[PDB]
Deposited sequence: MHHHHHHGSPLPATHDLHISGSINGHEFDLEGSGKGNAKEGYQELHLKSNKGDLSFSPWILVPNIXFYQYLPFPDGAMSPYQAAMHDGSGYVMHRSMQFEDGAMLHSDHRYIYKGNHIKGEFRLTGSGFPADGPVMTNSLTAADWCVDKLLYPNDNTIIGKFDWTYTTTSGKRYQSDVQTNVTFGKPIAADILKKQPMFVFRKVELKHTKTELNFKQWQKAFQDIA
């Protein structure tokens, strides 16, 4: 493959015991780090805030500094691939885990994601649609061995009450083959991201900007 230009996603699973299923497609620009995605529900109205599906709704679009391939891009490029496993531990006792798999077809990516979330309080912000936005975020990546990224960030939404809603997020990424030694010696690597989400009860339109950095200006 070359760098990605387009992608689709089928994402499904359950939140508080209630099944959900979405699909759609999007595109992005793998040199800029930007991507956008449209999703539509296959099982009626979502009963939970669509914002809970971020960050889960494609780091193949993410370059590393000075136009280098991120390990994600490299793994797409030679076709050896990777999977991700993410955990979100919310401050109010909720948990959401996800598994991420991909199939490549030239410069197009097909994502299959499975999520399980539970323990969202009936009156907390996820079940009342009270999440309003996700804060700008710094992701910290380390490679504890040659085929794994352990990444972390503190994830916060703003909400309608003005109180933020917090979780600890950890993403373990497992590669089909060794990450290039030149990527492995620049640790830690950070990535600054911004997202937007417009949404109804049945549809999402998401956009994301990403930029990797070892150091700041």
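In this chain, the deposited residues that lack C-alpha positions fall in the ranges 1-8, 66.
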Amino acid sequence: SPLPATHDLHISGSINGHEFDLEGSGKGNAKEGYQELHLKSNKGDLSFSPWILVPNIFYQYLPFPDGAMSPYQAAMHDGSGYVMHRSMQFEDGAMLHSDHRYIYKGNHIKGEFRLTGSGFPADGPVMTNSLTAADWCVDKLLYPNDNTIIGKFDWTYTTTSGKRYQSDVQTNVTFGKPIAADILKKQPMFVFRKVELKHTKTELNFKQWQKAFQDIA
From here on, numbers count along this sequence of modelled residues.
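Comparing 72-80 with 128-136, the stretch with the higher mean C-alpha B-factor in the PDB entry is 72-80. Once the C-alpha B-factors are averaged per stretch, 144-152 and 174-182 rank with 174-182 first. In this structure the maximum Cα B-factor among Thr159, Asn42, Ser49, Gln35 is found at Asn42. Annotation for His199: CA B-factor lies in the middle third of the chain's modelled residues. Among all modelled residues in its chain, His10 ranks in the middle third by Cα B-factor. In the deposited entry, the Cα temperature factor of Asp92 sits in the bottom third of values across the chain's modelled residues. In the PDB entry, a CA B factor belonging to the lowest third of its chain's modelled residues is recorded for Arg86. Per the deposited record, the Cα B-factor of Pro63 falls in the middle third when ranked against the other modelled residues of its chain.
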